[PDB]
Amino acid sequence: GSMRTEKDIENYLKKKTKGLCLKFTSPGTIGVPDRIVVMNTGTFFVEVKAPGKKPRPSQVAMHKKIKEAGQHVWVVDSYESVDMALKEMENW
């Protein structure tokens, strides 16, 4: 019925980001994170999931490539987790 969805979480991330929260598409590459947050401390990758939903294996594989190149990826699935992710970025 009225449980929050992935799109709700994504809209909340956009609202709370102090900086830019740009949609990220990368033609030809599978599984890239939904958003790139641009703020004073860095540009950060964020994948948004519906409450309780894990990234698919193709998404995890892409996150691993990002981590191997040396950067982190946040996965958010609730307003609380959005708040925590943004706070961590603000303290990076």
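So that there is no doubt, residue numbering starts at 1 and follows the sequence shown.
Visitor: Per the entry, where is the mean C-alpha temperature factor higher: 27-35 or 42-50?
Guide: Per the PDB record, 27-35.
Visitor: Read off the CA B-factors in the entry, average them over 82-90 and over 1-9, and name the higher stretch.
Guide: Looking at the record's C-alpha B-factors, the answer is 1-9.
Visitor: Where does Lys15 sit by CA temperature factor within its chain: lowest, middle or highest third?
Guide: As the PDB entry reports it, the C-alpha B-factor of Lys15 lands in the highest third of its chain.
Visitor: What third of its chain, lowest, middle or highest, does the C-alpha temperature factor of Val73 fall into?
Guide: According to the entry, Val73 has a C-alpha B-factor in the chain's lowest third.
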